[PDB]
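Quick note: the sequence shown uses PDB author numbering, first residue 3, plus one each step. Where a beta carbon is used, it is the ideal one built from N, C-alpha and C, also for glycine. Heads up, the thing below is written out as structure tokens.
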Amino acid sequence: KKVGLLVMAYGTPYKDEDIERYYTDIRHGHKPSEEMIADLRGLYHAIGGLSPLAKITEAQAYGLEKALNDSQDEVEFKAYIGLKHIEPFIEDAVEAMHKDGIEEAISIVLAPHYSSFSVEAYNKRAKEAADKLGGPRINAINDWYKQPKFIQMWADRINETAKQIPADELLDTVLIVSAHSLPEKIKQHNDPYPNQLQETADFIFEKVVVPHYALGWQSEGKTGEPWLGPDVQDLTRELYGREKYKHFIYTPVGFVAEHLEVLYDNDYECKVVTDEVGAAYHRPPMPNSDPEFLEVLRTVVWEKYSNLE
Ligand SMILES: CC1=C(CCC(=O)O)c2cc3nc(cc4[nH]c(cc5[nH]c(cc1n2)c(C)c5CCC(=O)O)c(CCC(=O)O)c4C)C(CCC(=O)O)=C3C
Numbered sequence: 003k004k005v006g007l008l009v010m011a012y013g014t015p016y017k018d019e020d021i022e023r024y025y026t027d028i029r030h031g032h033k034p035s036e037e038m039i040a041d042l043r044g045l046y047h048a049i050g051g052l053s054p055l056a057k058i059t060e061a062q063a064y065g066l067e068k069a070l071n072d073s074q075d076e077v078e079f080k081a082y083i084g085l086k087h088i089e090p091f092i093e094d095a096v097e098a099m100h101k102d103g104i105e106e107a108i109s110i111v112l113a114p115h116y117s118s119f120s121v122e123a124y125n126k127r128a129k130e131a132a133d134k135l136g137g138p139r140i141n142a143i144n145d146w147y148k149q150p151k152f153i154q155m156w157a158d159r160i161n162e163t164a165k166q167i168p169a170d171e172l173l174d175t176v177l178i179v180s181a182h183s184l185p186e187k188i189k190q191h192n193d194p195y196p197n198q199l200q201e202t203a204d205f206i207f208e209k210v211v212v213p214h215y216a217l218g219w220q221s222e223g224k225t226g227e228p229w230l231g232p233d234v235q236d237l238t239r240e241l242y243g244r245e246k247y248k249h250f251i252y253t254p255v256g257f258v259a260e261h262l263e264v265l266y267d268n269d270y271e272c273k274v275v276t277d278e279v280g281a282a283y284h285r286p287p288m289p290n291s292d293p294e295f296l297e298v299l300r301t302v303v304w305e306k307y308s309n310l311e
């Protein structure tokens, strides 16, 4: 019997025509304004027409499927992609595991940190799917940022970029660690999310040559409601104002692929700020389908299966 690997991710439009139904799914049934759509289309057209996230996510899931199976002869994993706001939806993927006869599955979200607005939404949807059909049994991974190979991978990348900065200027360099912002209300109820990213920033900092680091947030929502701060653009200005850093190294470690939230929020917005103040901009490559990142996920999944009992 095969074991299902439910790999979950946010989803990205495949075509310009998908944008509206995508935006509406994101807005939970509320249809965006025609101008709103326009702006989103403009964003996607800034980064090069559409996001590579669709092909990256597939490489990541079928790369992990392959990596798990090539490293053992006890089980055969079958990977099923379940996106959040576009097809193949989470529910489509569970329905497929049922049809194919999967009895047990291990679900993983391509987002190392847990939050009530992200990972918890994925897992509730997949398990509500699994219960209506009566199969497969889904054993969910909730977070994997504490994985040593995960921390070492980012530290190695940051150190690669750092060595390419003049040593006389490395003391004027700062590492910005960030993730998707969320409505600050999550802290009222003890969400581990903000604390998990502080741990990720600390774990990495100890393993890099960059002498300074700060935690930031990106893609904050327009809701009048407060959101987790500071924003990476405001933090860059605040940091340059107090310390006059020459180099800014951005690591959006809450993400695992070069998609819109990285290519826009960092590679364009943060870069604008550094140019305005006169600082340099650095952004290490994201994990994407790199064999090291796939080995991180293979170890994450092979440990969940070992401790499944
Ligand atoms: C926690 C989190 C992650 C990380 C974990 C995970 O991966 O799940 C993430 C990832 C991503 N978010 C993405 C894109 C978008 N997120 C939006 C809107 C929102 N995201 C939110 C949360 C998150 N999002 C929230 C609270 C909203 C508010 C919507 C509402 O009003 O209820 C919107 C709408 C317009 C806008 O405001 O930007 C878009 C287009 C893409 C795809 C990029 C591409 O296509 O390449 C990716 C990987």
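Sub-8 Å separation of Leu55 and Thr14 beta-carbons: Cβ distance < 8 Å, so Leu55 and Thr14 count as in contact.
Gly256: CB within 7 Å of a non-hydrogen atom of ligand 1: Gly256 Cβ: within cutoff of ligand 1.
Three-pair Cβ contact test at 8 Å for the region 145-155 versus the region 296-310: Touching, yes.
Contained beta strand (DSSP E) runs [length at least 3] in the region 124-180, N- to C-terminal order: Within the region 124-180, the complete beta strand (DSSP E) runs of at least 3 residues are 139-142.
Distance between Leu217 and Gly231 (C-alpha atoms, nearest Å): Straight-line Cα distance between these residues: approximately 9 Å.
Delimiting residues of the beta strand (DSSP E) encompassing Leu217: Segment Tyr215 to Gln220, the beta strand (DSSP E) holding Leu217.
Entirely enclosed beta strand (DSSP E) segments - the region 211-279, minimum 3 residues: The qualifying runs are 215-220 and 249-253.
Whether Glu67 touches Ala81 by CB criterion (8 Å): Against a cut-off of 8 Å, the Cβ pair of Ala81 and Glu67 comes out as a contact.
Contact test: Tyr12 Cβ vs ligand 1 heavy atom, cutoff 7 Å: Result yes, Cβ under 7 Å from ligand 1.
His284 vs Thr202 beta-carbon contact at 8 Å: No, the Cβ-Cβ distance between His284 and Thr202 is not below 8 Å.
Whole-angstrom distance between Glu208 and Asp158, CA atom to CA atom: Straight across, the Cα-Cα distance linking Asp158 with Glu208 is about 12 Å.
Beta-carbon proximity list for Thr276, same chain, < 6 Å, skipping 5 on both sides: Counting only Cβ-Cβ distances below 6 Å, and skipping sequence neighbours, we find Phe250 and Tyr283.
Beta-ladder partner(s) of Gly84, from DSSP: Per DSSP, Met10.
C-alpha gap between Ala61 and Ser291, whole angstroms: The alpha-carbon separation between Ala61 and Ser291 amounts to approximately 6 Å.
Where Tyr283 sits in the DSSP three-state scheme: In this structure, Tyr283 counts as strand in the three-state DSSP scheme.
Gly50 burial status per 10 Å Cβ neighbour count (16 or more: buried): Flag for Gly50 reads exposed.
Which of helix, strand or coil DSSP assigns to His32: Looking at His32 - three-state DSSP - the assignment turns out to be coil, as it is neither helix nor strand.
First and last residue of the uninterrupted beta strand (DSSP E) at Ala107: That run of the beta strand (DSSP E) goes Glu106 to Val111.
Residues bridged to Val5 (per DSSP): By DSSP's assignment, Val5 forms a beta bridge with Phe79.
Contact test: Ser221 Cβ vs ligand 1 heavy atom, cutoff 7 Å: Relative to ligand 1, the nearest heavy atom lies less than 7 Å away from the CB of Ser221.
Rounded Cβ spacing between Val96 and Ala131 (contact assumed at less than 8 Å): Cβ-Cβ separation between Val96 and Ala131: approximately 4 Å, consistent with a contact (criterion under 8 Å).
Rounded straight-line distance, which links the Cα of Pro196 to that of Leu42: Spanning the two alpha carbons is a distance of roughly 27 Å.
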